[PDB]
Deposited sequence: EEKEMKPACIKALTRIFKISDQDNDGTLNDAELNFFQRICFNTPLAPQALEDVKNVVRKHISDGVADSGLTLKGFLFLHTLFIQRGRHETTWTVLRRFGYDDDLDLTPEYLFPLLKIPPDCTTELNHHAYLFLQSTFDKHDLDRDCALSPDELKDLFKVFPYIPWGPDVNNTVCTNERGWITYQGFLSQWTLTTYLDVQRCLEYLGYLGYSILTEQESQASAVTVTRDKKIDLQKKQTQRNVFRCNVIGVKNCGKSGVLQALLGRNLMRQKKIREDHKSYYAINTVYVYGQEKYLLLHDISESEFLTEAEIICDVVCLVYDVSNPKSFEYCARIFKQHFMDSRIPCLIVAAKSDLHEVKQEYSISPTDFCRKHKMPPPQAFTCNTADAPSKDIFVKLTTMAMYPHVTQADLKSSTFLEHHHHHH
């Protein structure tokens, strides 16, 4: 009994256990045995095997449901029947998941983005619910480990807990869970597809590949000619000098004030932050990318749906950078731009730049500088996030 074979079957069992209760009920048994073969046998002829398990082992059937040990036992009983099941779940002759299963072909045209379609979100909603055993709409570390049992490695670093919404204890909430998949689909779609394969998405939803979960948006250029978009996820690059408050902006989207932010650790620090934002009654995803001050602004880190140029009102040299980067990359750009006067809770000093932030915005047809602070008693104001998303949806309005 090769250890590798048992590992595959255990994962197959875990995937086939769709309600995640520990056993395979007859509904799940019919489904598995249908997709692997052809026709679910007589409901009584099903126990013509379900009692066979009962009279060899005493832990193979629990509450009229086939257990893992029973599942593994039935594998032993057969030994081609096994390889049919294995190949149906995407394994090859070396008991590894095939590249065709994990990495399906999904090529995205330039200036297009990737989102999860409606049914894909539903799968993740179901997935979340099956692993939320205490029913608190949040995934504890133990519940997360349970989820990752069908993963060859841990798919999420502990920095994810500051990229999306979490509860009091810092556990990924229901919306934070969806936000993380939304973010992953956007940035690294082939990683998302690989993870969907691990969850057995294509198998359970009975589709051609994992790529069937991904919606590929149209060219951004067309969105600007038509002057309207159908995208639900927009990316905003957050640019500003060192310690100007960029990270504070990202965590403010997650509803965390400066007090709450101070408890973030070693490698907790994320440079992305995503959450739902409502624009005129329309629910959209806002995707913030923290651009740490570097020697260069590449084409890579200046491409977005809206730019957030942040400066520090307590720093007299901070705004000069915003003006510099703007003239350099976004002055004659189709990309909307918003200037944010961060740390507004601090005393406002004079910016050493020749022109004032107000006059600068007035001169270049920008909105007036938006005052912002994350140092508040409760959750910070989400005003700038609503404005950023609005500008991303409706550029020149």
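Residues of the deposited sequence that lack C-alpha coordinates fall in the stretches 1-4, 84-88, 407-424.
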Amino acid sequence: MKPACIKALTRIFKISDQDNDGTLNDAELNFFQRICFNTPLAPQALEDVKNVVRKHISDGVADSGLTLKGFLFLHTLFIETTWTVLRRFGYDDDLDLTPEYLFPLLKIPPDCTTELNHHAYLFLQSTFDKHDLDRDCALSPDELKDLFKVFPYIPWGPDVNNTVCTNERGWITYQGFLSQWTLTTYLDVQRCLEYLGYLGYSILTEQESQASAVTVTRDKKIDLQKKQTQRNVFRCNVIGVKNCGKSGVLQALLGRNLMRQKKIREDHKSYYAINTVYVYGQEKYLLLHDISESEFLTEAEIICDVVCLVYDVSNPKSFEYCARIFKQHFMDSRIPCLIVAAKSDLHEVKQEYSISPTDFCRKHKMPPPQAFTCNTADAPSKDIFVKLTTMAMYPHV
From here on, numbers count along this sequence of modelled residues.
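Higher average CA B factor: 33-41, of the stretches 359-367 and 33-41.
As listed in the deposited structure, the average C-alpha B-factor of 184-192 and of 157-165 is greater for 157-165. Per the deposited coordinates, the residue with the largest Cα temperature factor out of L250, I291, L258, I325 is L258. When the C-alpha B-factors of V53, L338, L68, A342 are ranked from the entry, the top spot goes to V53. In this PDB entry, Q18 carries a Cα temperature factor that places it within the lowest third of its chain's modelled residues. When the modelled residues of the chain are ordered by C-alpha B-factor, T373 sits in the middle third. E266 sits in the highest third of its chain by CA B factor, as recorded in the PDB entry. Residue-level temperature factors show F73 in the middle third of its chain, judged at the C-alpha atom. When the CA B factors of the chain's modelled residues are split into thirds, the value for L24 lands in the middle one.
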